[PDB]
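Next come the chains, spelled out residue by residue.
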Amino acid sequence: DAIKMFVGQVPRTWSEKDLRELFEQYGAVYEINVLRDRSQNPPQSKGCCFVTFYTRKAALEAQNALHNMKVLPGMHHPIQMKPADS
Amino acid sequence: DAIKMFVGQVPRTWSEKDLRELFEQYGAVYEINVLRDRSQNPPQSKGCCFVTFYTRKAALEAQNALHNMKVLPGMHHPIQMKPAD
RNA sequence: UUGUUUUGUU
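Parameters and conventions
- Residues numbered from 1 in each chain as written, not as in the entry; some residues may be left out.
- Chains lettered and ligands numbered in written order.
- Heavy atoms only, no water.
- Contact = heavy atoms within 4.5 Å.
- Buried area = accessible area lost by both parts, 1.4 Å probe.
- Salt bridge = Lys/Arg side-chain N within 4 Å of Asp/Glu carboxyl O.
- Polar contact = N/O pair within 3.5 Å; in protein donor to acceptor, adjacent residues only side chain to side chain.
- Helix = DSSP H or I, 4+ residues; strand = E, 2+ residues; numbered from the N terminus.
- Pairing = 2+ DSSP bridges.
- Axes fitted to C-alpha atoms, helices over the stretch in contact; angles between N-to-C directions.
- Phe/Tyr/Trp six-rings, centres within 6.5 Å; stacked < 30°, edge-to-face > 60°.
- Buried < 20%, exposed > 50% of the residue type's maximum accessible area, 1.4 Å probe, protein only.
- Near = heavy atom within 4 Å.
- Nonpolar A, V, L, I, M, F, W, Y, C, P; charged D, E, K, R; others polar.

- Its PDB header attributes the entry to X-ray crystallography and lists the resolution as 2.7501 Å.

Remarks on the interface of chain A and chain B
At step 1: At the interface, 6 residues of chain A touch 4 residues of chain B.
At step 2: Between chain A and chain B lies a buried interface of about 300 Å² when both sides are counted; carbon and sulfur atoms form 38% of it.
At step 3: Contact with chain B buries area across many residues of chain A, yet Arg38, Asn41 and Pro42 of chain A alone supply 88% of it, more than any other trio.
At step 4: Here chain A and chain B share 0 salt bridges between them.
At step 5: Counting across the chain A and chain B interface gives 1 residue pair in polar contact.

A closer look at the environment of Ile3 of chain B
All names here are of chain B.
At step 1: Within the secondary structure, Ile3 is located in strand 1 (residues 3-8).
At step 2: Along the backbone, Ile3 and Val34 are 31 residues apart, and their C-alpha atoms lie at a distance of 17 Å.
At step 3: Residues in contact with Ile3, not counting those within four places in the same chain, are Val51, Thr52, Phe53, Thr55, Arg56, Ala59 and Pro83.

Looking at the sheet that holds strand 2 (residues 29-37) of chain A
Residue and element names in this part refer to chain A.
At step 1: Strand order in the open sheet made by the 4 strands is 2-3-1-4, with antiparallel pairing throughout. With one partner strand each, in any of the chains shown, strand 2 and strand 4 (80-83) form the two edges of the open sheet. Strand-to-strand twist of the sheet, defined as the mean angle between neighbouring strand axes without regard to direction, takes the value 25°.
At step 2: Two elements, strand 1 (residues 3-8) and strand 4, share 4 bridges in a ladder whose sense is antiparallel. Following the sheet pairing, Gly8 is matched in strand 4 by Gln80.
At step 3: Running at roughly 140° to strand 2, helix 1 (residues 16-23) makes contact with strand 1, strand 2, strand 3 (44-53) and strand 4 of the sheet.

Side note on the packing of aromatic side chains
At step 1: Scanning the entire structure with this criterion turns up 6 aromatic pairs over all chains.
At step 2: Centre to centre, the rings of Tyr30 of chain A and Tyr54 of chain A are 5.5 Å apart; their planes meet at 75°, and the pair counts as edge-to-face. One end of the pair, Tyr30 of chain A, is in strand 2; the other, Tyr54 of chain A, is in the loop between strand 3 and helix 2 (56-66), and 24 residues separate them in sequence.
At step 3: Using a relative accessible area of 51% as the deciding quantity, one classes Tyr30 of chain A as exposed.
At step 4: Judged by relative accessible area, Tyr54 of chain A falls into the partly exposed class, the value being 46%.
At step 5: Aromatic side chains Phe6 of chain B and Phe50 of chain B sit 5.8 Å apart centroid to centroid with 70° between the ring planes, which places their arrangement in the edge-to-face category. On the criterion of sequence distance, the pair formed by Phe6 of chain B in strand 1 and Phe50 of chain B in strand 3 (residues 44-53) is long-range, its members being 44 residues apart.

Thoughts on the protein's contact with RNA strand C
At step 1: Residues in contact with RNA strand C amount to 32 residues; listed here are only the nearest, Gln9, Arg38 and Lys82 of chain A together with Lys82 and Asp85 of chain B.
At step 2: Taken together, the sugar and phosphate atoms account for 31% of what RNA strand C places within 4 Å of the protein.
At step 3: Here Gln9 of chain B contributes a side-chain N or O atom positioned 3.1 Å from a base oxygen of RNA strand C.
At step 4: At the level of elements, strand 1, strand 2, strand 3 and strand 4 of chain A together with strand 1, strand 2 (29-37), strand 3 and strand 4 (80-83) of chain B are the ones that each hand at least two residues to the surface near RNA strand C.
At step 5: Of the residues that constitute the surface near RNA strand C, the class distribution is 11 nonpolar, 11 polar and 10 charged.

Points about unusual backbone geometry
Negative phi characterises most residues that are not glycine, and trans characterises most peptide bonds.
At step 1: A cis amide bond links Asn41 of chain A to the next residue, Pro42 of chain A, at an omega of -10°.
At step 2: Tracing the backbone through its elements, the reader meets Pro42 of chain A in the loop between strand 2 and strand 3.
At step 3: Residues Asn41 of chain B and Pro42 of chain B are joined by a peptide bond in cis, for which omega reads 0°.
At step 4: Mapped onto the secondary structure, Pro42 of chain B falls in the loop between strand 2 and strand 3.
At step 5: One non-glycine residue, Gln9 of chain A, adopts positive backbone phi at about 75°.
At step 6: Tracing the sequence through the fold places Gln9 of chain A in the loop between strand 1 and helix 1.
At step 7: At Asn68 of chain B, a position not held by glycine, the phi torsion is positive, near 70°.
At step 8: Position of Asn68 of chain B among the secondary structure elements: in the loop between helix 2 (56-66) and strand 4.
At step 9: For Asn68 of chain B, a relative accessible area of 44% corresponds to the partly exposed category.

The structure is reproduced here in structure tokens:
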């Protein structure tokens, strides 16, 4: 079943596409939303995103593999990934 | 004398001229700047603007009549209008 | 500047 995950510590230069290539190693991805500050031109990434997988299996596999495990280029802390508050 | 108002919650299809049509009901309008994302092409509207009235009586009447009162067509919120920073 | 977006103030 689909579950929406919060991901943080992503570099501001990464787009939905860059991130999709990241998470798809773990399972199909239904939707990626980079959180942006719409006051910028163009809107800046806030360094985090929302990602929904088609299955809870994929989302777990990813959380295991990434959360506190992997540090993205130029970042200073490892990915934070967990069920989004929503 | 000239008072500059920020106005938010405006449809991205509206241009300076549509906005001037709206504010000019309340008094003479000196200038309107639609805030645009010039990185876009065409540059894209950010859905807010600055509008400058020649007199504060017009700006306060527009503000009173619009801020939180009118919802422009297609919007999910009422116009936000206050004196610009 | 660990951030859970759509309120946007050139």
